[PDB]
């Protein structure tokens, strides 16, 4: 099955439901099931990449596309005071789903340090 069998691969194939914000041929944006801010969503590639540490050089455009889609979705969601984008890599990064994804959090003041 294209995309693998992590939770995110199954969401991509519409096998498990999600609250989808935006979808194109390269990525999917959907709300996080455990939001850490009043608005908290994810932008993920449809191509399965386990983690940023194994991304290829030719994945540059795709990774940038996650950020462009993330900022567009944030504007569409009315996050006019700003937001924070986060990638969690590995154990120290707090990663729990090994399919690359960008968090976008807003709707409140975010604090420093970022965890």
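Positions refer to the first chain, counted from 1.
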So 73-81 or 52-60, which one's hotter by mean CA B-factor in the entry? 52-60
B-factor third for the C-alpha atom of residue 45 within its chain: lowest
Please say which third, lowest, middle or highest, residue 35 falls into when its CA temperature factor is compared across its chain. middle
Residue 12 CA temperature factor, ranked by third within the chain: middle
Mind checking which third residue 19 falls in for C-alpha B-factor across the chain? highest
The third of the chain into which the C-alpha temperature factor of residue 100 falls is the highest
